[PDB]
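Visitor: Okay, here's the structure, questions in a sec.
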Amino acid sequence: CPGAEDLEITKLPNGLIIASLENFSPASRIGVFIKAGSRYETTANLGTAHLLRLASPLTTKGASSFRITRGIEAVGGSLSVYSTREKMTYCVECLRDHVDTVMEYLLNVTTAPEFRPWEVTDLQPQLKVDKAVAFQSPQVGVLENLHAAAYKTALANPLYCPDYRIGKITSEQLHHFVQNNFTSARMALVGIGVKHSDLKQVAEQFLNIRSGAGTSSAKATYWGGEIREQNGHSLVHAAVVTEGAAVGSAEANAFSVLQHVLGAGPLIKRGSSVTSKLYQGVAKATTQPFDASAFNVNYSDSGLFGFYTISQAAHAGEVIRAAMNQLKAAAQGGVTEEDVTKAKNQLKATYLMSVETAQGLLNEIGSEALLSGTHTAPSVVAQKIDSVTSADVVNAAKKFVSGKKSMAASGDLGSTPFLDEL
Amino acid sequence: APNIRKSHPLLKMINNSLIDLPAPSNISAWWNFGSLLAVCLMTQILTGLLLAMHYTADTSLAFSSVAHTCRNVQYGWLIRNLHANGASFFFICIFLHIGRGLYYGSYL
Amino acid sequence: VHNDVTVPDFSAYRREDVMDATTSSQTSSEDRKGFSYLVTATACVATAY
Amino acid sequence: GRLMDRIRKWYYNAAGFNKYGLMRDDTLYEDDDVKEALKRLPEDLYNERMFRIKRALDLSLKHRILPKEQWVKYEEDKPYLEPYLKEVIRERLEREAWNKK
Amino acid sequence: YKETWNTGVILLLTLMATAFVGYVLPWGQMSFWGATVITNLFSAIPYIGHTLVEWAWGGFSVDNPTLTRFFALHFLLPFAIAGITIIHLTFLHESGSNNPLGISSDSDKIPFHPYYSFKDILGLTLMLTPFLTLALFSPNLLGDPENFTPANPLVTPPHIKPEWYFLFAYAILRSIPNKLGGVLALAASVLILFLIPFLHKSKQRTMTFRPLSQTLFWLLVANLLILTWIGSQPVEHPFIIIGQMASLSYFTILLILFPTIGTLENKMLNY
Amino acid sequence: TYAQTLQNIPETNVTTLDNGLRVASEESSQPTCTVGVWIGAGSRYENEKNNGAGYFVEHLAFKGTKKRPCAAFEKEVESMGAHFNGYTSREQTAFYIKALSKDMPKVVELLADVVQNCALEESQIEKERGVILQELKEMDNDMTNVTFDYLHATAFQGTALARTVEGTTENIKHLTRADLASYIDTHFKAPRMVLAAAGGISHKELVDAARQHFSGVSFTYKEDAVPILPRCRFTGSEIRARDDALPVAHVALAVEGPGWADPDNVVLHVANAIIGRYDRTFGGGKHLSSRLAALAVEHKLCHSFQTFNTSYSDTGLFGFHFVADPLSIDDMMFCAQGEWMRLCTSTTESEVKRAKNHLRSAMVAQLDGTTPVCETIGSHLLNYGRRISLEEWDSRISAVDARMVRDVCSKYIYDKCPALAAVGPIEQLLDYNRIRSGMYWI
Amino acid sequence: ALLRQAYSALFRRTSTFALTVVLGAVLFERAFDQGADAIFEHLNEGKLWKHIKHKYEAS
Ligand code: HEM
Ligand code: HEM
Ligand SMILES: CSC1=N[C@@](C)(c2ccccc2)C(=O)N1Nc1ccccc1
């Protein structure tokens, strides 16, 4: 008759980190976190990381393409791969009694791929399809251009394989990528609904692709460019950012809070966001439908901060300028001490809700257990957050109005202002 | 192909002319004589063979072999009626088929 | 918009047992089919004969 | 001893597909398994196979064979498709076995 | 090419029925008695046999109603042959022709015209010379003189032998001294053809590169030659034994040796 | 083990405030929680004149109450980091909040204030009238939803389930402040509602704040009366909306389902699990266990397809839906109907074994977070009048076998007249009669 | 509930529907022939050899 439990976390000699947790949930969710991504690609192998993501179901040295799929489905399990510009996660879910079964596959996939030429050739046209459905959201398109304007390298690389390379990625390229990035010291084997002694055992007795830090990624160099895609759509999506804070950077929370102070997404269905400086400000400017939000990304060696808007074409001008004023105004002490209190609530709440779902929890554990083989207590994180002065926030706001900006906009940009008119 | 009715070289044909064949939704009874004619043909042939198997083509035996057919062959008389009248049925149908054609400009 | 679309009224055609909108049509289904299929089975008998 | 080897070498020469310049594997009947294996061959191995075959069909229509010096030698016959073919059959049996409950 | 092959076997059977009913028409001694021997074969079928035979005859023996219905059949069947030929060719075109090397010819195909239209016209005139030479210089070389004598229901010819193209099958029919056993043997002698596609064990399609199968193939051909010869002789020693041997080896080569040797050959190729 | 984890799950507690309301909640140790009120109301309860009222209400249920106007209501909710969402369907409505367990009580007050004292600001109403009209044009491009609306429109033609949740254009243009008011009063009533909460909350502390804000008790017996709705007649038929200008075509085929309370639903869900679903991004590809999915991949039969068992109080819709190019509709429909026949006729033990596992992890996944668990509770009491544990479900799922699947499927599918809805470039989809024939032998 | 019973037992399964058509034809034939043969003989009482026969029968 089960109860509470600890969040153990070993760290073998080769550098492989092992974090587990037993919440006695009838469902287990193991995963292999890795420091890999389009960030480590160079001009020569662009998109190789995208394809590698889709390559998860291909045959391995231990399991055939057929058995990987049939095996996992046999026990109502699942296998997926999520990835960012700098990290890749391979996770499987299934009922407790099948963790063994499902494990063999997760193992094989991440450490024993065969990238058979024919299988790879056959899979590449999928990149077109995958990319096609993703790009249905305008969001995804401008964020690609954004990173391409924000940086000159690494983080500048797109998350989806460029068109000229579909069908040109090779098996050697996939192998070399996995060999120089999927190294024991860049991986973490996180698990939920499992026992540490068990998960720990699987790792050491099965994980063989060995140690090293593999090929290290180039430093992210800021550019501050401007990309404009004139495609005629009735709505204009635009994002303006500035070099923000890095992951772990003390100046992080400051932006996180400034984010919520400005407006970080709706909280009421079909409702207006009054606690949103940015939304409310833009609202006062235009009469037509729109949307404005505080954009914020934190990467290993850098970050981006700014606002993302969506508006009718004719009112794109005023909507974007209105968003800017809300940032200046905030940089000029226009931030109440109560605003900072509320934001700190929404921020503590958001973080706390993020971990309700198994996917969100496992991701929280793993992410940190990967970038520092540790685990901050939900109290220390809260402790760190609220201990952010109104000064800090106003400073963050300043760093934005003063720093060099990069912009990306798509749609009928006939009325969309240029970065140098902001 | 997922279903035989479309892939098989023979069924494909039966399917494209008698199962999946696209037909106007409003064709009347005047469009029935085509298939009736086809059935007359199959019918005439069938009864014709049955008669041929007892017939004798010689001016001294023709008339009587037909009599022998109608008088001695089991259902000989029936088969002969069906063949003889079937020919009339055939012409009735071909004349209506033609009329339909002329009226509705099928000749185009 | 599609919201403004409704299926016309087929009362001038519906079989007696499915005329009422507040009555399960499943209770008269086996009879409605049994009947139609009876006609067919009968034609097959006459034809076989 | 070398009995089996002796026999195989005799048959190879007795068969005679080497007089057309064909490798043993070029002569396989293209059933389902073989067709799939062919699709996995690397570009060059595939184009070479094609030339050898087109060339043999030419010899066949001309009613000629290659000059004795170009006949493939039993020990130089390259089993280029066998490896692939085996994997293909191995996979098929797996599916077959697995689909039997 | 299974469907092409199977329709092909139907064509052989139909051509045979055609020749049989056609050969009865002149109504000579051989026409009558051969038609008697053949139609009476069906009476071997248990239970329904006697019934089917008298039905086919239209009476109690081969007679006038048998003749008139045979004429109708002979007139009709050739057209069934023509129709089924279209089906034959239709299945064939799904894949196109096979070739002597048994390897794909997609890399080297040519338009039927003028290559094969010319080649075929040539083949026609080459085989037309023997035909016409036989027809014009030896009209009766292949026929029984017994068929120049009007059918006599009361006198059976001393030596009742079938047309050359049915001899081998006749030889097989006689090999089994048992009435019903002989019929089955005969049936199988032709229906065996439907089984050929399932007895292929070779990894190669043709016998071009299979020396063992080639010997086996010519034995079979020679075996058919012997049966043909045996079928034209009277049932008496040594023929009777030679006949049973040939019949037996005929079925043996097709049912056992061919697939066995086929497997043996795959191993010698290290497959 | 698995079994053990199912038994050790905290029980769901339920209590009733004699005014007619039920309060249920499952307790965990989470600093965060979700609480909301699930009402047994929807478009089915509306009629020709007030169709789309419940939707119109869903638009104002968040624009302020009497005790606190718009801005005030919003600021208060926003400023505490809570999320306010809700929805309205054909037989069910819900308004729920996500926040810190530390505020469970203030939230309960907020909920009660929403369902009881909606301001129905005369001016806000005219403002939302124009918003709702814009959402109807947006949703009109959602083929999938246009298709399911049409499926209901014909499957339940002549009845209440035939109407869409959003309502008619005419109704939206003429609904009165009085109508909405009337709607709320007629339907948002204690006995027909459920206060559900999940997370780290005290059941007793929940029930208490409940008594305080949901107090109004009933005197007569008719005030504790939950009106049984008139039956909705299923009709085998088809509606075909053709527009060859649309890139792909949507098709949905269904037969009448049993309705919530029926145990057979456990089997229909196992059945749907065998057939599964698919879309062009399933890495598994040609190796997927779902036969229909495999065929779809091999023959490129469709962009996607999904099975479904939509339940209701007294009826339901069991069927499937697919999106395909105008030229592969016929083959897809063919294979689809083919798989349905194989279900009633040749299902295997191996097939159910897999489908059962897939179904178990499916149910467990519908309890991933506070909101989804809270949604289970609201729905369960409202539909089964009680919570059904994963352990019970598992108990029922475990009893299902091949034979059972065939019998139940043969029961609801075999030789039935289906309901058909097709939208887009559907010239290749054969006629009703041909589809009807796909309902037997195979 | 004949139509209902008939449907479930005979017309539902394509197999049973076929057996029903066979026995149906069998029963129908027997009944239809005898009936038709009666109707015919009745409409011709005293004219068939069946009717006259007795007068000259003397075997
Ligand atoms: C287009 C189809 C056919 C038509 C229009 C047709 C028409 C006729 C007509 C007009 C008669 C004379 C009937 C009489 O005695 O008054 C006849 C006789 C005959 N037909 Fe045909 N016939 C057809 C096909 C066939 C076929 C295919 C055969 C046989 C293979 C055939 C065999 C006979 C025979 C044997 C007779 C002579 C016996 C008799 O007159 O009853 N017929 N046919
Ligand atoms: C009236 C009888 C027949 C006719 C008119 C006929 C005609 C043809 C034609 C026109 C071809 C293509 C040219 C060729 O390859 O020769 C062909 C091919 C073929 N026929 Fe026949 N055929 C007959 C009987 C048979 C029989 C008895 C068999 C086998 C039992 C048969 C088996 C085949 C096969 C398998 C092919 C494929 C040839 C290849 O290897 O490419 N045929 N036939
Ligand atoms: C009408 S008698 C006959 N028809 C032939 C042409 C035939 C028989 C079987 C199959 C095809 C063709 C044949 O050889 N005979 N003769 C004959 C003589 C003695 C014994 C058997 C047949």
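A note on labels: chains of the structure tokens are A, B, ... as shown, every chain counts residues from 1, and ligands are counted from 1 in their shown order.
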Taking only C-alpha atoms and all ligand atoms into account, list the residues no farther than 7 Å from ligand 2, as a list in words.
Guide: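 Answer in the requested format: residues 1, 4, 5, 6, 8, 9, 11, 12, 15, 81, 85, 88, 89, 92, 96, 97, 98, 99 and 193 of chain E.
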Visitor: Neighbouring residues of residue 5 (chain D) were defined as those with any atom within 12 Å, considering only C-alpha atoms; residues of the same chain fewer than 2 positions away were excluded. Please report them as an mmCIF file with C-alpha atoms, in the first residue's frame.
Guide:
data_model
loop_
_atom_site.group_PDB
_atom_site.id
_atom_site.type_symbol
_atom_site.label_atom_id
_atom_site.label_comp_id
_atom_site.auth_asym_id
_atom_site.auth_seq_id
_atom_site.Cartn_x
_atom_site.Cartn_y
_atom_site.Cartn_z
ATOM 1 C CA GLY D 1 38.055 -32.565 -48.462
ATOM 2 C CA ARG D 2 37.263 -30.375 -51.449
ATOM 3 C CA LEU D 3 34.372 -32.472 -52.798
ATOM 4 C CA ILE D 7 31.174 -30.057 -57.430
ATOM 5 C CA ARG D 8 30.110 -26.419 -57.115
ATOM 6 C CA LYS D 9 32.872 -25.347 -59.464
ATOM 7 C CA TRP D 10 31.852 -27.990 -61.958
ATOM 8 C CA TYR D 11 28.216 -26.923 -61.884
ATOM 9 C CA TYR D 12 29.128 -23.281 -62.163
ATOM 10 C CA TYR D 74 33.923 -19.243 -60.482
ATOM 11 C CA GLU D 75 36.066 -17.563 -57.841
ATOM 12 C CA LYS E 267 22.387 -26.055 -53.564
ATOM 13 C CA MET E 268 25.098 -26.526 -56.153
ATOM 14 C CA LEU E 269 24.871 -22.777 -56.760
ATOM 15 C CA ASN E 270 25.202 -22.298 -53.013
#
Visitor: What does the list of residues within 10 Å of ligand 3 look like if you count only C-alpha atoms and all ligand atoms, written as a ChimeraX atom specification?
Guide: /E:12-39,41,70,143-144,147,157,159-167,169-170,231-232
Visitor: At a cut-off of 9 Å, using only C-alpha atoms, what residues contact residue 3 (chain B)? Leave out same-chain residues fewer than 5 positions from it and give the result as a ChimeraX atom specification.
Guide: /B:8 /F:331,334-335
Visitor: Collect all residues with atoms no farther than 8 Å from ligand 1, counting only C-alpha atoms and all ligand atoms, and output them as an MDAnalysis selection string.
Guide: (chainID B and resid 40:41 43:55 66 80:81 83:88 90) or (chainID E and resid 72 76)
Visitor: Please write the residues from the selection above to a file, keeping N, CA, C and O atoms, as a short mmCIF file (atom, residue, chain, number, x, y, z; two decimals), in the first residue's frame.
Guide:
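Output saved as again_1.cif:
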data_model
loop_
_atom_site.label_atom_id
_atom_site.label_comp_id
_atom_site.auth_asym_id
_atom_site.auth_seq_id
_atom_site.Cartn_x
_atom_site.Cartn_y
_atom_site.Cartn_z
N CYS B 40 -31.84 -11.43 -75.76
CA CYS B 40 -32.46 -12.18 -76.86
C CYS B 40 -31.37 -12.95 -77.54
O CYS B 40 -31.52 -14.13 -77.85
N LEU B 41 -30.26 -12.25 -77.79
CA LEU B 41 -29.11 -12.84 -78.44
C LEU B 41 -28.65 -14.09 -77.70
O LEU B 41 -28.48 -15.14 -78.31
N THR B 43 -30.30 -15.81 -75.59
CA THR B 43 -31.41 -16.76 -75.61
C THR B 43 -31.54 -17.50 -76.95
O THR B 43 -31.65 -18.72 -77.00
N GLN B 44 -31.52 -16.73 -78.04
CA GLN B 44 -31.62 -17.30 -79.37
C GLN B 44 -30.52 -18.30 -79.60
O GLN B 44 -30.77 -19.37 -80.12
N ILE B 45 -29.29 -17.95 -79.21
CA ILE B 45 -28.14 -18.83 -79.37
C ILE B 45 -28.33 -20.13 -78.61
O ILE B 45 -28.13 -21.23 -79.15
N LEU B 46 -28.74 -20.01 -77.35
CA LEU B 46 -28.95 -21.18 -76.53
C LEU B 46 -29.99 -22.13 -77.12
O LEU B 46 -29.74 -23.34 -77.23
N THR B 47 -31.15 -21.60 -77.51
CA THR B 47 -32.20 -22.45 -78.07
C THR B 47 -31.82 -22.91 -79.46
O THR B 47 -32.20 -23.99 -79.90
N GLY B 48 -31.08 -22.07 -80.17
CA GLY B 48 -30.66 -22.42 -81.50
C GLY B 48 -29.78 -23.66 -81.47
O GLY B 48 -29.96 -24.56 -82.28
N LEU B 49 -28.81 -23.69 -80.55
CA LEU B 49 -27.93 -24.85 -80.42
C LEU B 49 -28.75 -26.08 -80.10
O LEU B 49 -28.56 -27.13 -80.70
N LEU B 50 -29.66 -25.96 -79.15
CA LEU B 50 -30.48 -27.10 -78.80
C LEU B 50 -31.23 -27.63 -80.01
O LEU B 50 -31.35 -28.84 -80.18
N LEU B 51 -31.69 -26.75 -80.88
CA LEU B 51 -32.41 -27.19 -82.07
C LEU B 51 -31.44 -27.80 -83.07
O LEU B 51 -31.73 -28.82 -83.68
N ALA B 52 -30.30 -27.15 -83.26
CA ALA B 52 -29.29 -27.62 -84.20
C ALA B 52 -28.88 -29.06 -83.91
O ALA B 52 -28.54 -29.80 -84.82
N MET B 53 -28.93 -29.45 -82.65
CA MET B 53 -28.54 -30.79 -82.28
C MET B 53 -29.48 -31.90 -82.71
O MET B 53 -29.23 -33.07 -82.46
N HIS B 54 -30.58 -31.52 -83.36
CA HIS B 54 -31.55 -32.50 -83.82
C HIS B 54 -31.98 -32.21 -85.24
O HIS B 54 -32.79 -32.92 -85.81
N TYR B 55 -31.43 -31.15 -85.81
CA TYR B 55 -31.78 -30.75 -87.15
C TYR B 55 -30.91 -31.42 -88.21
O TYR B 55 -29.78 -31.83 -87.94
N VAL B 66 -37.44 -31.35 -88.30
CA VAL B 66 -38.03 -30.32 -87.47
C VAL B 66 -39.28 -30.94 -86.83
O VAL B 66 -39.56 -30.73 -85.65
N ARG B 80 -38.57 -25.21 -79.79
CA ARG B 80 -38.79 -24.65 -81.10
C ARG B 80 -39.67 -23.41 -81.05
O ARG B 80 -39.47 -22.46 -81.82
N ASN B 81 -40.65 -23.39 -80.15
CA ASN B 81 -41.52 -22.22 -80.06
C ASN B 81 -40.70 -21.05 -79.59
O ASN B 81 -40.71 -19.98 -80.21
N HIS B 83 -37.61 -20.51 -79.82
CA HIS B 83 -36.67 -20.02 -80.83
C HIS B 83 -37.42 -19.24 -81.90
O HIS B 83 -37.01 -18.14 -82.27
N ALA B 84 -38.52 -19.80 -82.38
CA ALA B 84 -39.28 -19.15 -83.44
C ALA B 84 -39.88 -17.81 -83.02
O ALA B 84 -39.85 -16.84 -83.79
N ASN B 85 -40.41 -17.74 -81.80
CA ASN B 85 -41.01 -16.50 -81.33
C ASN B 85 -39.96 -15.56 -80.79
O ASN B 85 -40.12 -14.34 -80.85
N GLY B 86 -38.88 -16.14 -80.30
CA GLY B 86 -37.77 -15.35 -79.79
C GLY B 86 -37.29 -14.44 -80.90
O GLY B 86 -36.91 -13.30 -80.64
N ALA B 87 -37.31 -14.92 -82.13
CA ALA B 87 -36.86 -14.09 -83.25
C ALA B 87 -37.74 -12.84 -83.38
O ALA B 87 -37.24 -11.76 -83.70
N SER B 88 -39.05 -13.00 -83.15
CA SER B 88 -39.99 -11.89 -83.22
C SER B 88 -39.73 -10.91 -82.09
O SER B 88 -39.72 -9.69 -82.29
N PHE B 90 -37.03 -10.42 -80.69
CA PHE B 90 -35.80 -9.76 -81.08
C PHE B 90 -36.08 -8.55 -81.96
O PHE B 90 -35.51 -7.48 -81.74
N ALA E 72 -22.86 -30.06 -84.23
CA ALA E 72 -23.11 -28.78 -83.61
C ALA E 72 -21.94 -28.41 -82.71
O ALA E 72 -21.41 -27.31 -82.82
N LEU E 76 -19.31 -25.23 -82.91
CA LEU E 76 -19.24 -24.26 -81.84
C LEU E 76 -17.90 -24.07 -81.16
O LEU E 76 -17.40 -22.95 -81.08
#
Visitor: Counting only C-alpha atoms, which residues of chain F come no farther than 8 Å from chain A, as a PDB file with C-alpha atoms, in the first residue's frame?
Guide:
ATOM      1  CA  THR F   1       2.698  -3.214  -9.755  1.00  0.00           C
ATOM      2  CA  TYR F   2      -0.062  -1.922 -12.018  1.00  0.00           C
ATOM      3  CA  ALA F   3      -3.018  -3.469 -10.179  1.00  0.00           C
ATOM      4  CA  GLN F   4      -1.762  -2.044  -6.903  1.00  0.00           C
ATOM      5  CA  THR F   5      -1.428   1.486  -8.274  1.00  0.00           C
ATOM      6  CA  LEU F   6      -5.061   1.325  -9.354  1.00  0.00           C
ATOM      7  CA  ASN F   8      -4.173   2.904  -4.108  1.00  0.00           C
ATOM      8  CA  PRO F  31      -0.223  22.860  -4.649  1.00  0.00           C
ATOM      9  CA  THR F  32      -2.302  23.482  -7.752  1.00  0.00           C
ATOM     10  CA  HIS F  59     -19.896  34.169 -24.011  1.00  0.00           C
ATOM     11  CA  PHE F  62     -17.080  35.583 -18.116  1.00  0.00           C
ATOM     12  CA  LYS F  63     -17.940  39.216 -18.828  1.00  0.00           C
ATOM     13  CA  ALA F  71     -13.058  44.762 -15.302  1.00  0.00           C
ATOM     14  CA  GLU F  74     -11.367  39.861 -14.758  1.00  0.00           C
ATOM     15  CA  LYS F  75      -8.735  41.701 -12.713  1.00  0.00           C
ATOM     16  CA  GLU F  78      -6.155  37.371 -13.501  1.00  0.00           C
ATOM     17  CA  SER F  79      -4.344  38.893 -10.517  1.00  0.00           C
ATOM     18  CA  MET F  80      -4.367  35.550  -8.694  1.00  0.00           C
ATOM     19  CA  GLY F  81      -2.870  33.558 -11.551  1.00  0.00           C
ATOM     20  CA  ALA F  82      -6.000  31.473 -12.112  1.00  0.00           C
ATOM     21  CA  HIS F  83      -7.246  30.308 -15.505  1.00  0.00           C
ATOM     22  CA  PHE F  84     -10.883  30.588 -16.436  1.00  0.00           C
ATOM     23  CA  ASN F  85     -12.209  28.326 -19.156  1.00  0.00           C
ATOM     24  CA  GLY F  86     -15.444  26.635 -20.119  1.00  0.00           C
ATOM     25  CA  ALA F  99      -5.413  27.810  -9.622  1.00  0.00           C
ATOM     26  CA  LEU F 100      -3.548  27.329  -6.364  1.00  0.00           C
ATOM     27  CA  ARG F 280       0.189  11.226 -42.382  1.00  0.00           C
ATOM     28  CA  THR F 281       2.572  11.957 -39.533  1.00  0.00           C
ATOM     29  CA  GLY F 283       6.116   7.512 -37.937  1.00  0.00           C
ATOM     30  CA  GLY F 284       5.024   3.884 -37.605  1.00  0.00           C
ATOM     31  CA  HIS F 287       3.934  -1.281 -39.851  1.00  0.00           C
ATOM     32  CA  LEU F 288       1.107   0.095 -37.733  1.00  0.00           C
ATOM     33  CA  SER F 289      -0.957  -2.607 -36.037  1.00  0.00           C
ATOM     34  CA  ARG F 354      -3.657  -5.212 -28.060  1.00  0.00           C
ATOM     35  CA  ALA F 355      -6.775  -3.041 -28.263  1.00  0.00           C
ATOM     36  CA  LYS F 356      -7.423  -3.602 -24.541  1.00  0.00           C
ATOM     37  CA  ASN F 357      -3.938  -2.397 -23.591  1.00  0.00           C
ATOM     38  CA  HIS F 358      -4.255   0.568 -25.913  1.00  0.00           C
ATOM     39  CA  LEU F 359      -7.607   1.370 -24.284  1.00  0.00           C
ATOM     40  CA  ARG F 360      -6.271   1.137 -20.734  1.00  0.00           C
ATOM     41  CA  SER F 361      -3.446   3.620 -21.329  1.00  0.00           C
ATOM     42  CA  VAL F 364      -5.221   6.629 -17.791  1.00  0.00           C
ATOM     43  CA  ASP F 368      -3.320  13.512 -16.827  1.00  0.00           C
ATOM     44  CA  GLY F 369      -3.576  16.691 -14.776  1.00  0.00           C
ATOM     45  CA  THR F 370      -6.165  18.340 -12.563  1.00  0.00           C
TER      46      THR F 370
END
Visitor: What lies within 10 Å of region 2-13 of chain G using only C-alpha atoms, ignoring chain neighbours under 5 positions off, as a PyMOL selection string?
Guide: (chain C and resi 27-38+40-41) or (chain F and resi 414-415+440-441) or (chain G and resi 18-21)
Visitor: Take the residues just selected and output them with N, CA and C atoms as an mmCIF file, in the first residue's frame.
Guide:
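The file below, result-v5.cif, is the result:
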data_model
loop_
_atom_site.group_PDB
_atom_site.id
_atom_site.type_symbol
_atom_site.label_atom_id
_atom_site.label_comp_id
_atom_site.auth_asym_id
_atom_site.auth_seq_id
_atom_site.Cartn_x
_atom_site.Cartn_y
_atom_site.Cartn_z
ATOM 1 N N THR C 27 -36.598 -0.169 -32.902
ATOM 2 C CA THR C 27 -37.574 -1.197 -32.575
ATOM 3 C C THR C 27 -38.346 -1.706 -33.804
ATOM 4 N N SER C 28 -38.465 -0.879 -34.838
ATOM 5 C CA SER C 28 -39.158 -1.319 -36.046
ATOM 6 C C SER C 28 -38.196 -1.685 -37.188
ATOM 7 N N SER C 29 -36.891 -1.616 -36.925
ATOM 8 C CA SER C 29 -35.880 -1.923 -37.936
ATOM 9 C C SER C 29 -35.942 -3.375 -38.415
ATOM 10 N N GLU C 30 -35.903 -4.334 -37.495
ATOM 11 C CA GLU C 30 -35.950 -5.730 -37.909
ATOM 12 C C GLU C 30 -37.214 -6.088 -38.687
ATOM 13 N N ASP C 31 -38.310 -5.388 -38.436
ATOM 14 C CA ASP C 31 -39.537 -5.663 -39.168
ATOM 15 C C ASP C 31 -39.446 -5.015 -40.526
ATOM 16 N N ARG C 32 -38.945 -3.783 -40.556
ATOM 17 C CA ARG C 32 -38.808 -3.040 -41.806
ATOM 18 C C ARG C 32 -37.870 -3.740 -42.774
ATOM 19 N N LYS C 33 -36.840 -4.389 -42.233
ATOM 20 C CA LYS C 33 -35.880 -5.112 -43.058
ATOM 21 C C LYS C 33 -36.400 -6.511 -43.325
ATOM 22 N N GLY C 34 -36.876 -7.178 -42.279
ATOM 23 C CA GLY C 34 -37.413 -8.509 -42.466
ATOM 24 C C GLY C 34 -38.412 -8.504 -43.610
ATOM 25 N N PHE C 35 -39.261 -7.485 -43.672
ATOM 26 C CA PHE C 35 -40.243 -7.427 -44.737
ATOM 27 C C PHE C 35 -39.611 -7.306 -46.112
ATOM 28 N N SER C 36 -38.772 -6.288 -46.290
ATOM 29 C CA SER C 36 -38.118 -6.074 -47.574
ATOM 30 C C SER C 36 -37.313 -7.284 -48.012
ATOM 31 N N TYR C 37 -36.555 -7.859 -47.082
ATOM 32 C CA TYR C 37 -35.772 -9.046 -47.379
ATOM 33 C C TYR C 37 -36.686 -10.235 -47.667
ATOM 34 N N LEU C 38 -37.898 -10.236 -47.119
ATOM 35 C CA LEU C 38 -38.815 -11.346 -47.389
ATOM 36 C C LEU C 38 -39.197 -11.308 -48.861
ATOM 37 N N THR C 40 -37.552 -10.138 -51.323
ATOM 38 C CA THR C 40 -36.391 -10.581 -52.075
ATOM 39 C C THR C 40 -36.217 -12.094 -52.021
ATOM 40 N N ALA C 41 -36.213 -12.677 -50.823
ATOM 41 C CA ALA C 41 -36.059 -14.126 -50.689
ATOM 42 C C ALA C 41 -37.131 -14.843 -51.502
ATOM 43 N N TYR F 414 -23.585 -4.673 -37.975
ATOM 44 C CA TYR F 414 -24.030 -5.576 -39.014
ATOM 45 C C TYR F 414 -25.411 -5.331 -39.587
ATOM 46 N N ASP F 415 -25.453 -5.132 -40.898
ATOM 47 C CA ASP F 415 -26.678 -4.878 -41.653
ATOM 48 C C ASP F 415 -27.531 -3.721 -41.118
ATOM 49 N N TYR F 440 -22.875 -5.445 -44.849
ATOM 50 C CA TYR F 440 -22.994 -6.878 -44.578
ATOM 51 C C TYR F 440 -22.077 -7.766 -45.417
ATOM 52 N N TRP F 441 -21.816 -8.950 -44.854
ATOM 53 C CA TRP F 441 -20.963 -10.006 -45.407
ATOM 54 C C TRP F 441 -19.497 -9.576 -45.608
ATOM 55 N N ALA G 18 -29.489 -18.156 -47.921
ATOM 56 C CA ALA G 18 -29.356 -19.079 -49.050
ATOM 57 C C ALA G 18 -30.064 -20.399 -48.780
ATOM 58 N N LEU G 19 -29.906 -20.938 -47.574
ATOM 59 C CA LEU G 19 -30.572 -22.191 -47.226
ATOM 60 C C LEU G 19 -32.082 -21.995 -47.253
ATOM 61 N N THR G 20 -32.522 -20.806 -46.858
ATOM 62 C CA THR G 20 -33.942 -20.499 -46.846
ATOM 63 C C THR G 20 -34.486 -20.479 -48.270
ATOM 64 N N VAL G 21 -33.690 -19.972 -49.205
ATOM 65 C CA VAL G 21 -34.121 -19.910 -50.593
ATOM 66 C C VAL G 21 -34.191 -21.301 -51.221
#
